[PDB]
Amino acid sequence: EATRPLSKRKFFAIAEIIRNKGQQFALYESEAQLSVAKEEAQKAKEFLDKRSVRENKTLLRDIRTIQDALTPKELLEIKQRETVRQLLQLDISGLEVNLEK
Amino acid sequence: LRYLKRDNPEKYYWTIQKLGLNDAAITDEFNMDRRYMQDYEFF
Amino acid sequence: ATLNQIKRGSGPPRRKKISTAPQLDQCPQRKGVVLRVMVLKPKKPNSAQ
Amino acid sequence: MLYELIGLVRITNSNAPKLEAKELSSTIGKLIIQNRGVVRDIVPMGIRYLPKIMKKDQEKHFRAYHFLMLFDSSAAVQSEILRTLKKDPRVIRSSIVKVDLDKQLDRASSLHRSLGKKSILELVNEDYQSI
Amino acid sequence: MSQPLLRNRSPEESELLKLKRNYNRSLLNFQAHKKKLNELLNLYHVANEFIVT
Amino acid sequence: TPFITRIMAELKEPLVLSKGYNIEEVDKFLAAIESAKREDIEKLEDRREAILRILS
Amino acid sequence: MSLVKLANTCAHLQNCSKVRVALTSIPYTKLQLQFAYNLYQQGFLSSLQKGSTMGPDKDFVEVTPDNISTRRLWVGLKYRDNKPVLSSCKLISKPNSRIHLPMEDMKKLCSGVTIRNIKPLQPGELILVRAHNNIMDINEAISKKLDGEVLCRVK
RNA sequence: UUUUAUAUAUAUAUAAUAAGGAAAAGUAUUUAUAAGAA
RNA sequence: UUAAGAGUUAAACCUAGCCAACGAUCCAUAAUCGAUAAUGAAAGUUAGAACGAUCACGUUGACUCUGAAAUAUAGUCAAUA
RNA sequence: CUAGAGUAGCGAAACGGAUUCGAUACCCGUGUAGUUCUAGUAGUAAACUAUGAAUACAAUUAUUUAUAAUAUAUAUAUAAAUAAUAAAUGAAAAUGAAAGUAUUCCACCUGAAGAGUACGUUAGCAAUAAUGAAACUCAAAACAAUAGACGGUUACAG
Ligand SMILES: [Mg+2]
Ligand SMILES: [Mg+2]
Ligand SMILES: [Mg+2]
Ligand SMILES: [Mg+2]
Ligand SMILES: [Mg+2]
Ligand SMILES: [Mg+2]
Ligand SMILES: [Mg+2]
Ligand SMILES: [Mg+2]
Ligand SMILES: [Mg+2]
Ligand SMILES: [Mg+2]
Ligand SMILES: [Mg+2]
Ligand SMILES: [Mg+2]
Ligand SMILES: [Mg+2]
Ligand SMILES: [Mg+2]
Ligand SMILES: [Mg+2]
Ligand SMILES: [Mg+2]
Ligand SMILES: [Mg+2]
Ligand SMILES: [Mg+2]
Ligand SMILES: [Mg+2]
Ligand SMILES: [Mg+2]
Ligand SMILES: [Mg+2]
Ligand SMILES: [Mg+2]
Ligand SMILES: [Mg+2]
Ligand SMILES: [Mg+2]
Ligand SMILES: [Mg+2]
């Protein structure tokens, strides 16, 4: 809006901001940085945990040992580590039942 | 990404931050000219 | 031919009538001094002195 | 990646032509398996006169024991196998071609595929293979 | 001429349409995975001939 | 950049199978096939190793 | 409200008139529907019909976002005395140069006076104007005292 | 078309059936104006 | 300092900015315009003599008094004659 | 062209042999650079479809070409390439799904010659590349097609 001369080249002054897009573009930037840091940390923790699981790491032999049993001590240890059906239940069955639902 | 900025600025900044880029890398004119390959040591 | 090309200066050439007597400096006539009187031969097919 | 190798091994001992092909097959298979590979098939093509008097190093060959090896392996050790084949005097000619597995995991060799047996399961036939 | 050209889809209709589309996606994913499992079984049936030792 | 490094790492982990296969899923499926057929151990392990090498 | 689409429709109608097809299809939108209705009222089109991309609608179909992409407006063209009734269809206000006339300039254009390089209205011609997202003939827009965008010529 | 019938497993196949006919005489100002030739 | 804003001028201290290929800066040229004149169907194009409006100048450049307002056809100083 | 290596054939230039009134040319011989590879400079071609890109539409036929079916047969349908066309356009040749009907954007042109020349500027190791006039001269200059003449132009007959 028109104003007295405030300098050699400046003769107008702001009066109001209809759209705050420029203002929001920095708030969102800082918020994005802060959120990305924590989400990074969480997912990196998950990846490290999965690496540890794979480091810890014989299913065929074990299942056959349970099957032949149907000796006692190793069988118990494998138990701690229709039971054969539960240990071999596949995610595909879940997909089938979900699709039917 | 420029369209995403024009549409959803919050998700735009979230995405560029997650991908390792900044606002300037998206908004500024870019060509893979020899000057870029020399300045950023592509090879 | 496009609208924006006409905007940038495209258009018909001006029918600018070039001066056939530049040395008069847009004057009806100029006073002068004769340096020499010369007898020329016209271009063919014309022939005269 | 599935690779079909077609080797043309030289015959030097007229009494036991298969010996050198045996040694070469053992070497290549050992390399493939010891570098995290699989040897799906070894098809023993027979003895054949070469189209011309082909020359490797200084010896001139007129006939060769042809043989085929279908093996699943990686690109790096595949190139290593090719390099070993090329410098080996025993292998007159060698050629490795990819057999694509984009659609079907199991595929037969070019010879059986040309005969009509697309897969090795068909080669070994199908009874009690629905388990 | 002065009336709406189209009838807006109700939120309930959109929900039903989204459920149909999700079912289509999950169905195609299911046949893809089951075909992959079938190929795995067929490869197992011939794994005996393959030399690893 | 954390994301690209994580993705490259997950690709480079051991026992990663191609063509949309999961190692635990493959193992469970093989065990299920063996149980169904039951309803030679080194040879079964050889089949498993060949399958893993092909799908590696 | 795409003037590009109105131009495409104009060219389509001209091409259909040249090859003398009895029926043709145009996009189903409010602007196109109003333009076709205005042509039909003047007698330039034989009939308006709503239909799919394959043909007219056998039974009445409600218009929804599900089928909006496949909807079309089918217009029947007229050919009388071995001549097409709808011979030429052109645009006045083009996308590159859009012409919005006040009412007095619109009267001047109807009265034989060239305004902004638009040829004056011809006797058997129709000029269409858009005012407040409504399409009408130039005479009606003058009678309504509405300043408007001068779109197209149909002779 | 619409509706209904029989038969068969809310739906499907066959058969029949169709409501759109109204009349009447009389009740100008038109606009601005672009020519080529050797 | 002014009646009055402003790097307009003078002083001080900060920031690194500002214009520009939709043409900056520089150079050449030019008094500007009209319900004025010419021309054209018109858009426009040309002129800016004559009528009228504005500006600048009164041989050249700077400064000063008076004044509401002048770098005045004033004064002072210098340049030219 | 700049560095390295390479150099079997071909082959500017050069050296000779022929032909010729003359050979500075065509023909012939030896043949340097170059053609080749690596690492660069440069960014010009009749770099052509002498035809910028995108979108909507536009009447046929024939082949293919690529899919989708249905039972080799449906001379099967949907697409694109090619060829000949209708309308349309065009000075015509001709174009023909664009040189058509329309919309949007960009680049380019304003008589011939002077002239893509001079001068300046920018870049390159350089050759050069880009940008790019003016004066002077003239009533010319060019495109398509027509009828002739002509060809060390073809074929057919007598
Ligand atoms: Mg200020
Ligand atoms: Mg101040
Ligand atoms: Mg200043
Ligand atoms: Mg200061
Ligand atoms: Mg300038
Ligand atoms: Mg002057
Ligand atoms: Mg002056
Ligand atoms: Mg005057
Ligand atoms: Mg002037
Ligand atoms: Mg005077
Ligand atoms: Mg004065
Ligand atoms: Mg003075
Ligand atoms: Mg005087
Ligand atoms: Mg060299
Ligand atoms: Mg050489
Ligand atoms: Mg030679
Ligand atoms: Mg000659
Ligand atoms: Mg020679
Ligand atoms: Mg070269
Ligand atoms: Mg280069
Ligand atoms: Mg050149
Ligand atoms: Mg060029
Ligand atoms: Mg060109
Ligand atoms: Mg032309
Ligand atoms: Mg040059």
# chains A, B, ... in the order shown; residues from 1 in each chain; ligands from 1

$ closest_atom_pairs --of "chain C" --to "chain G" --cutoff "12 Å" --atoms "only C-alpha atoms" --output "tab-separated table"
residue	atom	partner	partner_atom	distance
C:2	CA	G:96	CA	9.4
C:3	CA	G:96	CA	7.3
C:4	CA	G:96	CA	8.9
C:7	CA	G:96	CA	12.0

$ residues_near_ligand --ligand "ligand 16" --cutoff "12 Å" --atoms "only C-alpha atoms (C1' of nucleotides) and all ligand atoms" --output "ChimeraX atom specification"
/J:9-11,28-31

$ write_last_selection --atoms "N, CA and C atoms (P, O5', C5', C4', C3', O3' and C1' of nucleotides)" --output "PDB file, in the first residue's frame"
ATOM      1  P     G J   9      49.571 -53.400 -47.358  1.00  0.00           P
ATOM      2  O5'   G J   9      48.122 -53.890 -47.799  1.00  0.00           O
ATOM      3  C5'   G J   9      47.501 -53.368 -48.964  1.00  0.00           C
ATOM      4  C4'   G J   9      46.024 -53.155 -48.752  1.00  0.00           C
ATOM      5  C3'   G J   9      45.453 -51.872 -49.337  1.00  0.00           C
ATOM      6  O3'   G J   9      45.144 -52.002 -50.713  1.00  0.00           O
ATOM      7  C1'   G J   9      44.685 -52.159 -47.108  1.00  0.00           C
ATOM      8  P     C J  10      45.671 -50.924 -51.778  1.00  0.00           P
ATOM      9  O5'   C J  10      44.708 -49.676 -51.561  1.00  0.00           O
ATOM     10  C5'   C J  10      43.297 -49.826 -51.619  1.00  0.00           C
ATOM     11  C4'   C J  10      42.598 -48.706 -50.895  1.00  0.00           C
ATOM     12  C3'   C J  10      43.012 -47.301 -51.298  1.00  0.00           C
ATOM     13  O3'   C J  10      42.337 -46.857 -52.463  1.00  0.00           O
ATOM     14  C1'   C J  10      42.914 -47.477 -48.928  1.00  0.00           C
ATOM     15  P     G J  11      43.094 -45.952 -53.551  1.00  0.00           P
ATOM     16  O5'   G J  11      43.470 -44.629 -52.753  1.00  0.00           O
ATOM     17  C5'   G J  11      42.464 -43.793 -52.203  1.00  0.00           C
ATOM     18  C4'   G J  11      43.061 -42.745 -51.302  1.00  0.00           C
ATOM     19  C3'   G J  11      44.224 -41.964 -51.893  1.00  0.00           C
ATOM     20  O3'   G J  11      43.792 -40.902 -52.724  1.00  0.00           O
ATOM     21  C1'   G J  11      44.812 -42.730 -49.738  1.00  0.00           C
ATOM     22  P     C J  28      43.469 -45.952 -62.432  1.00  0.00           P
ATOM     23  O5'   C J  28      44.998 -46.141 -62.832  1.00  0.00           O
ATOM     24  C5'   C J  28      45.393 -47.173 -63.725  1.00  0.00           C
ATOM     25  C4'   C J  28      46.890 -47.216 -63.891  1.00  0.00           C
ATOM     26  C3'   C J  28      47.707 -47.189 -62.609  1.00  0.00           C
ATOM     27  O3'   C J  28      47.780 -48.448 -61.965  1.00  0.00           O
ATOM     28  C1'   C J  28      48.619 -45.655 -64.153  1.00  0.00           C
ATOM     29  P     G J  29      47.965 -48.530 -60.369  1.00  0.00           P
ATOM     30  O5'   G J  29      49.508 -48.208 -60.144  1.00  0.00           O
ATOM     31  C5'   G J  29      50.511 -49.105 -60.597  1.00  0.00           C
ATOM     32  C4'   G J  29      51.894 -48.602 -60.270  1.00  0.00           C
ATOM     33  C3'   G J  29      52.147 -48.240 -58.814  1.00  0.00           C
ATOM     34  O3'   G J  29      52.432 -49.366 -58.005  1.00  0.00           O
ATOM     35  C1'   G J  29      52.963 -46.517 -60.208  1.00  0.00           C
ATOM     36  P     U J  30      52.138 -49.325 -56.426  1.00  0.00           P
ATOM     37  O5'   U J  30      53.261 -48.352 -55.850  1.00  0.00           O
ATOM     38  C5'   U J  30      54.634 -48.711 -55.902  1.00  0.00           C
ATOM     39  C4'   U J  30      55.522 -47.598 -55.407  1.00  0.00           C
ATOM     40  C3'   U J  30      55.261 -47.119 -53.988  1.00  0.00           C
ATOM     41  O3'   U J  30      55.860 -47.952 -53.010  1.00  0.00           O
ATOM     42  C1'   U J  30      55.486 -45.252 -55.429  1.00  0.00           C
ATOM     43  P     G J  31      55.185 -48.112 -51.560  1.00  0.00           P
ATOM     44  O5'   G J  31      54.351 -46.766 -51.386  1.00  0.00           O
ATOM     45  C5'   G J  31      54.420 -45.993 -50.197  1.00  0.00           C
ATOM     46  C4'   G J  31      54.239 -44.528 -50.499  1.00  0.00           C
ATOM     47  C3'   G J  31      53.273 -43.772 -49.600  1.00  0.00           C
ATOM     48  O3'   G J  31      53.868 -43.361 -48.381  1.00  0.00           O
ATOM     49  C1'   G J  31      52.827 -43.253 -51.868  1.00  0.00           C
TER      50        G J  31
END

$ residues_near_ligand --ligand "ligand 12" --cutoff "12 Å" --atoms "only C-alpha atoms (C1' of nucleotides) and all ligand atoms" --output "list in words"
residues 56, 57, 58, 59, 60, 61, 62, 70, 71, 72 and 73 of chain I

$ interface_residues --of "chain E" --to "chain F" --cutoff "12 Å" --atoms "only C-alpha atoms" --output "PyMOL selection string"
chain E and resi 29+32-53

$ write_last_selection --atoms "N, CA and C atoms" --output "CSV table (one decimal), in the first residue's frame"
chain,number,residue,atom,x,y,z
E,29,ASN,N,-2.7,-59.8,-5.7
E,29,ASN,CA,-1.6,-60.2,-4.9
E,29,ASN,C,-1.6,-61.6,-4.5
E,32,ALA,N,-0.8,-63.9,-7.3
E,32,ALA,CA,0.6,-63.8,-7.6
E,32,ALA,C,1.5,-64.7,-6.6
E,33,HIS,N,1.2,-64.5,-5.3
E,33,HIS,CA,2.0,-65.2,-4.3
E,33,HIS,C,1.7,-66.7,-4.4
E,34,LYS,N,0.5,-67.2,-4.7
E,34,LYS,CA,0.2,-68.6,-4.8
E,34,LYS,C,0.9,-69.2,-6.0
E,35,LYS,N,0.9,-68.5,-7.1
E,35,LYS,CA,1.7,-68.9,-8.3
E,35,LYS,C,3.1,-69.1,-8.0
E,36,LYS,N,3.7,-68.1,-7.2
E,36,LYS,CA,5.1,-68.2,-6.8
E,36,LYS,C,5.4,-69.4,-6.0
E,37,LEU,N,4.5,-69.7,-5.0
E,37,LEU,CA,4.6,-70.9,-4.2
E,37,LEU,C,4.6,-72.1,-5.0
E,38,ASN,N,3.7,-72.2,-6.0
E,38,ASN,CA,3.6,-73.3,-6.9
E,38,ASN,C,4.9,-73.5,-7.7
E,39,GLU,N,5.5,-72.4,-8.2
E,39,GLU,CA,6.8,-72.6,-8.8
E,39,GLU,C,7.9,-73.1,-7.9
E,40,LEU,N,7.8,-72.6,-6.6
E,40,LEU,CA,8.8,-73.1,-5.6
E,40,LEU,C,8.6,-74.6,-5.4
E,41,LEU,N,7.4,-75.1,-5.3
E,41,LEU,CA,7.2,-76.5,-5.1
E,41,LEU,C,7.7,-77.3,-6.3
E,42,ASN,N,7.4,-76.8,-7.5
E,42,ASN,CA,7.9,-77.5,-8.7
E,42,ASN,C,9.4,-77.5,-8.7
E,43,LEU,N,10.1,-76.4,-8.3
E,43,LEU,CA,11.5,-76.4,-8.2
E,43,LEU,C,12.0,-77.4,-7.2
E,44,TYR,N,11.3,-77.5,-6.1
E,44,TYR,CA,11.7,-78.5,-5.0
E,44,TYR,C,11.6,-79.9,-5.6
E,45,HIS,N,10.6,-80.2,-6.4
E,45,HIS,CA,10.4,-81.5,-6.9
E,45,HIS,C,11.6,-82.0,-7.8
E,46,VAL,N,12.3,-81.0,-8.4
E,46,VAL,CA,13.5,-81.3,-9.2
E,46,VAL,C,14.8,-81.0,-8.6
E,47,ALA,N,14.8,-80.4,-7.4
E,47,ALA,CA,16.0,-80.0,-6.7
E,47,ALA,C,17.0,-81.2,-6.5
E,48,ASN,N,16.4,-82.5,-6.5
E,48,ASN,CA,17.3,-83.6,-6.2
E,48,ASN,C,18.4,-83.8,-7.3
E,49,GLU,N,18.0,-83.6,-8.5
E,49,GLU,CA,19.0,-83.7,-9.6
E,49,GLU,C,20.1,-82.7,-9.5
E,50,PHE,N,19.7,-81.5,-9.1
E,50,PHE,CA,20.7,-80.4,-9.0
E,50,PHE,C,21.9,-80.7,-8.1
E,51,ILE,N,23.1,-80.4,-8.5
E,51,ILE,CA,24.3,-80.7,-7.8
E,51,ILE,C,24.7,-79.5,-7.0
E,52,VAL,N,24.7,-79.7,-5.6
E,52,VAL,CA,25.3,-78.7,-4.7
E,52,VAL,C,26.5,-79.2,-3.9
E,53,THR,N,26.8,-80.5,-4.0
E,53,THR,CA,27.8,-81.1,-3.2
E,53,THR,C,28.8,-81.8,-4.2

$ closest_residue --among "I:64, I:25, I:32, I:8" --to "ligand 5" --atoms "only C-alpha atoms (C1' of nucleotides) and all ligand atoms"
I:25

$ interface_residues --of "chain G" --to "chain E" --cutoff "8 Å" --atoms "only C-alpha atoms" --output "list in words"
residues 29, 30, 33, 34, 62, 63, 64, 65 and 68 of chain G

$ interface_residues --of "chain D" --to "chain E" --cutoff "10 Å" --atoms "only C-alpha atoms" --output "mmCIF file with N, CA, C and O atoms, in the first residue's frame"
data_model
loop_
_atom_site.group_PDB
_atom_site.id
_atom_site.type_symbol
_atom_site.label_atom_id
_atom_site.label_comp_id
_atom_site.auth_asym_id
_atom_site.auth_seq_id
_atom_site.Cartn_x
_atom_site.Cartn_y
_atom_site.Cartn_z
ATOM 1 N N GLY D 29 32.573 -77.894 -12.610
ATOM 2 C CA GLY D 29 31.568 -78.140 -11.592
ATOM 3 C C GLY D 29 32.069 -77.830 -10.196
ATOM 4 O O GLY D 29 31.339 -77.269 -9.374
ATOM 5 N N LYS D 30 33.321 -78.195 -9.906
ATOM 6 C CA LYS D 30 33.898 -77.881 -8.607
ATOM 7 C C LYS D 30 33.945 -76.377 -8.389
ATOM 8 O O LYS D 30 33.592 -75.884 -7.313
ATOM 9 N N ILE D 32 31.991 -74.096 -9.783
ATOM 10 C CA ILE D 32 30.633 -73.578 -9.644
ATOM 11 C C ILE D 32 30.106 -73.845 -8.240
ATOM 12 O O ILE D 32 29.579 -72.946 -7.575
ATOM 13 N N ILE D 33 30.251 -75.083 -7.759
ATOM 14 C CA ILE D 33 29.691 -75.421 -6.452
ATOM 15 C C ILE D 33 30.459 -74.740 -5.324
ATOM 16 O O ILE D 33 29.854 -74.305 -4.337
ATOM 17 N N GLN D 34 31.786 -74.630 -5.430
ATOM 18 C CA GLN D 34 32.565 -74.013 -4.363
ATOM 19 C C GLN D 34 32.446 -72.497 -4.335
ATOM 20 O O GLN D 34 32.834 -71.885 -3.333
ATOM 21 N N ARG D 36 29.439 -70.925 -4.495
ATOM 22 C CA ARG D 36 28.018 -70.695 -4.229
ATOM 23 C C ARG D 36 27.191 -70.836 -5.505
ATOM 24 O O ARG D 36 26.361 -69.985 -5.833
ATOM 25 N N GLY D 37 27.432 -71.920 -6.243
ATOM 26 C CA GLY D 37 26.707 -72.219 -7.454
ATOM 27 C C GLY D 37 26.011 -73.570 -7.402
ATOM 28 O O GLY D 37 26.093 -74.323 -6.434
ATOM 29 N N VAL D 38 25.308 -73.860 -8.493
ATOM 30 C CA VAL D 38 24.565 -75.102 -8.659
ATOM 31 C C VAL D 38 24.780 -75.585 -10.085
ATOM 32 O O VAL D 38 24.795 -74.780 -11.020
ATOM 33 N N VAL D 39 24.942 -76.891 -10.256
ATOM 34 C CA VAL D 39 25.114 -77.501 -11.571
ATOM 35 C C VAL D 39 23.837 -78.278 -11.863
ATOM 36 O O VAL D 39 23.690 -79.437 -11.458
ATOM 37 N N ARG D 40 22.903 -77.637 -12.570
ATOM 38 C CA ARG D 40 21.606 -78.256 -12.813
ATOM 39 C C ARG D 40 21.736 -79.498 -13.682
ATOM 40 O O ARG D 40 21.080 -80.513 -13.422
ATOM 41 N N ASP D 41 22.571 -79.444 -14.719
ATOM 42 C CA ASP D 41 22.628 -80.556 -15.659
ATOM 43 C C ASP D 41 23.971 -80.590 -16.371
ATOM 44 O O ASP D 41 24.592 -79.553 -16.612
ATOM 45 N N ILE D 42 24.399 -81.804 -16.711
ATOM 46 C CA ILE D 42 25.540 -82.044 -17.587
ATOM 47 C C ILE D 42 25.059 -83.005 -18.667
ATOM 48 O O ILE D 42 24.810 -84.185 -18.388
ATOM 49 N N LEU D 70 24.552 -76.977 -17.913
ATOM 50 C CA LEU D 70 23.587 -75.988 -17.455
ATOM 51 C C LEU D 70 23.799 -75.791 -15.960
ATOM 52 O O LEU D 70 23.686 -76.750 -15.188
ATOM 53 N N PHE D 71 24.114 -74.559 -15.552
ATOM 54 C CA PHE D 71 24.425 -74.292 -14.155
ATOM 55 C C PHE D 71 23.887 -72.929 -13.745
ATOM 56 O O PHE D 71 23.988 -71.963 -14.498
ATOM 57 N N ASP D 72 23.331 -72.856 -12.540
ATOM 58 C CA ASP D 72 22.858 -71.602 -11.968
ATOM 59 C C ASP D 72 23.972 -71.008 -11.117
ATOM 60 O O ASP D 72 24.487 -71.674 -10.213
ATOM 61 N N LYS D 103 10.273 -65.893 -15.962
ATOM 62 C CA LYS D 103 8.929 -66.449 -15.871
ATOM 63 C C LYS D 103 8.899 -67.777 -15.118
ATOM 64 O O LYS D 103 8.095 -67.947 -14.196
ATOM 65 N N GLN D 104 9.763 -68.717 -15.492
ATOM 66 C CA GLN D 104 9.795 -70.047 -14.898
ATOM 67 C C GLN D 104 11.130 -70.261 -14.199
ATOM 68 O O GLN D 104 12.190 -70.042 -14.796
ATOM 69 N N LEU D 105 11.071 -70.690 -12.936
ATOM 70 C CA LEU D 105 12.294 -70.907 -12.170
ATOM 71 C C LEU D 105 13.142 -72.013 -12.780
ATOM 72 O O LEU D 105 14.367 -71.879 -12.887
ATOM 73 N N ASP D 106 12.512 -73.110 -13.189
ATOM 74 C CA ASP D 106 13.208 -74.270 -13.725
ATOM 75 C C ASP D 106 13.085 -74.287 -15.242
ATOM 76 O O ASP D 106 11.982 -74.187 -15.787
ATOM 77 N N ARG D 107 14.226 -74.419 -15.915
ATOM 78 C CA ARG D 107 14.275 -74.510 -17.366
ATOM 79 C C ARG D 107 15.302 -75.562 -17.754
ATOM 80 O O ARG D 107 16.295 -75.777 -17.056
ATOM 81 N N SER D 119 11.018 -77.997 -19.334
ATOM 82 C CA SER D 119 11.599 -78.019 -17.999
ATOM 83 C C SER D 119 12.276 -79.357 -17.734
ATOM 84 O O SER D 119 12.043 -80.352 -18.427
ATOM 85 N N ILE D 120 13.131 -79.367 -16.707
ATOM 86 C CA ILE D 120 13.787 -80.599 -16.274
ATOM 87 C C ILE D 120 12.828 -81.538 -15.563
ATOM 88 O O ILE D 120 13.061 -82.754 -15.544
ATOM 89 N N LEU D 121 11.748 -81.010 -14.983
ATOM 90 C CA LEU D 121 10.719 -81.873 -14.415
ATOM 91 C C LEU D 121 10.103 -82.755 -15.492
ATOM 92 O O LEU D 121 9.873 -83.952 -15.277
ATOM 93 N N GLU D 122 9.826 -82.179 -16.664
ATOM 94 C CA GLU D 122 9.367 -82.978 -17.794
ATOM 95 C C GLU D 122 10.433 -83.978 -18.225
ATOM 96 O O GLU D 122 10.113 -85.102 -18.629
ATOM 97 N N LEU D 123 11.706 -83.582 -18.153
ATOM 98 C CA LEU D 123 12.792 -84.494 -18.497
ATOM 99 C C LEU D 123 12.761 -85.734 -17.613
ATOM 100 O O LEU D 123 12.838 -86.867 -18.103
ATOM 101 N N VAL D 124 12.647 -85.536 -16.299
ATOM 102 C CA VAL D 124 12.543 -86.659 -15.373
ATOM 103 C C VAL D 124 11.112 -87.167 -15.241
ATOM 104 O O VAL D 124 10.847 -88.032 -14.400
ATOM 105 N N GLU D 126 6.728 -86.857 -14.824
ATOM 106 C CA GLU D 126 5.871 -86.425 -13.717
ATOM 107 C C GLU D 126 4.988 -87.578 -13.250
ATOM 108 O O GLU D 126 3.914 -87.821 -13.806
ATOM 109 N N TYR D 128 3.895 -88.870 -9.104
ATOM 110 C CA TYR D 128 3.949 -88.454 -7.693
ATOM 111 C C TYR D 128 4.751 -87.162 -7.510
ATOM 112 O O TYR D 128 5.466 -86.993 -6.520
ATOM 113 N N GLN D 129 4.633 -86.237 -8.468
ATOM 114 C CA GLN D 129 5.210 -84.900 -8.359
ATOM 115 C C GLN D 129 4.170 -83.840 -8.012
ATOM 116 O O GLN D 129 4.443 -82.644 -8.165
ATOM 117 N N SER D 130 2.982 -84.247 -7.563
ATOM 118 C CA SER D 130 1.956 -83.319 -7.105
ATOM 119 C C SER D 130 1.940 -83.195 -5.585
ATOM 120 O O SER D 130 0.978 -82.669 -5.016
ATOM 121 N N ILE D 131 2.992 -83.661 -4.919
ATOM 122 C CA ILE D 131 3.058 -83.636 -3.466
ATOM 123 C C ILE D 131 3.602 -82.289 -3.007
ATOM 124 O O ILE D 131 3.123 -81.718 -2.028
#

$ residues_near_ligand --ligand "ligand 14" --cutoff "10 Å" --atoms "only C-alpha atoms (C1' of nucleotides) and all ligand atoms" --output "list in words"
residues 1, 2, 3, 4, 5 and 34 of chain J

$ write_last_selection --atoms "N, CA and C atoms (P, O5', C5', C4', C3', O3' and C1' of nucleotides)" --output "PDB file, in the first residue's frame"
ATOM      1  P     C J   1      45.221 -31.930 -39.326  1.00  0.00           P
ATOM      2  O5'   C J   1      45.419 -31.351 -37.858  1.00  0.00           O
ATOM      3  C5'   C J   1      45.628 -29.962 -37.657  1.00  0.00           C
ATOM      4  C4'   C J   1      45.380 -29.561 -36.226  1.00  0.00           C
ATOM      5  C3'   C J   1      46.202 -30.287 -35.177  1.00  0.00           C
ATOM      6  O3'   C J   1      47.523 -29.789 -35.067  1.00  0.00           O
ATOM      7  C1'   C J   1      43.948 -30.184 -34.481  1.00  0.00           C
ATOM      8  P     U J   2      48.698 -30.738 -34.524  1.00  0.00           P
ATOM      9  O5'   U J   2      48.377 -30.887 -32.973  1.00  0.00           O
ATOM     10  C5'   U J   2      48.388 -29.754 -32.118  1.00  0.00           C
ATOM     11  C4'   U J   2      48.017 -30.122 -30.704  1.00  0.00           C
ATOM     12  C3'   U J   2      48.792 -31.279 -30.099  1.00  0.00           C
ATOM     13  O3'   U J   2      50.067 -30.884 -29.624  1.00  0.00           O
ATOM     14  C1'   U J   2      46.480 -31.539 -29.644  1.00  0.00           C
ATOM     15  P     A J   3      51.370 -31.784 -29.906  1.00  0.00           P
ATOM     16  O5'   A J   3      51.426 -32.761 -28.652  1.00  0.00           O
ATOM     17  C5'   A J   3      51.805 -34.121 -28.797  1.00  0.00           C
ATOM     18  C4'   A J   3      51.398 -34.930 -27.594  1.00  0.00           C
ATOM     19  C3'   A J   3      51.587 -36.435 -27.710  1.00  0.00           C
ATOM     20  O3'   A J   3      52.913 -36.840 -27.419  1.00  0.00           O
ATOM     21  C1'   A J   3      49.419 -35.974 -26.895  1.00  0.00           C
ATOM     22  P     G J   4      53.840 -37.480 -28.565  1.00  0.00           P
ATOM     23  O5'   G J   4      53.519 -39.038 -28.489  1.00  0.00           O
ATOM     24  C5'   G J   4      54.009 -39.824 -27.413  1.00  0.00           C
ATOM     25  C4'   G J   4      52.932 -40.693 -26.815  1.00  0.00           C
ATOM     26  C3'   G J   4      52.718 -42.050 -27.468  1.00  0.00           C
ATOM     27  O3'   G J   4      53.650 -43.019 -27.021  1.00  0.00           O
ATOM     28  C1'   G J   4      50.624 -41.012 -27.024  1.00  0.00           C
ATOM     29  P     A J   5      55.015 -43.296 -27.822  1.00  0.00           P
ATOM     30  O5'   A J   5      54.955 -44.856 -28.139  1.00  0.00           O
ATOM     31  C5'   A J   5      54.374 -45.346 -29.339  1.00  0.00           C
ATOM     32  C4'   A J   5      53.111 -46.127 -29.076  1.00  0.00           C
ATOM     33  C3'   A J   5      52.611 -46.966 -30.241  1.00  0.00           C
ATOM     34  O3'   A J   5      53.259 -48.223 -30.325  1.00  0.00           O
ATOM     35  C1'   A J   5      50.820 -45.698 -29.364  1.00  0.00           C
ATOM     36  P     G J  34      48.218 -38.193 -38.888  1.00  0.00           P
ATOM     37  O5'   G J  34      46.781 -38.475 -39.517  1.00  0.00           O
ATOM     38  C5'   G J  34      45.821 -37.437 -39.651  1.00  0.00           C
ATOM     39  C4'   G J  34      44.722 -37.828 -40.606  1.00  0.00           C
ATOM     40  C3'   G J  34      43.947 -39.086 -40.244  1.00  0.00           C
ATOM     41  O3'   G J  34      42.905 -38.829 -39.318  1.00  0.00           O
ATOM     42  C1'   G J  34      44.591 -39.175 -42.523  1.00  0.00           C
TER      43        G J  34
END

$ atom_distance --atom1 "atom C1' of residue J:53" --atom2 "atom CA of residue G:18"
28.1 Å

$ select_by_dssp --residues "stretch 6-81 of chain A" --states "alpha helix (DSSP H)" --output "PyMOL selection string"
chain A and resi 21-56+59-69+72-80
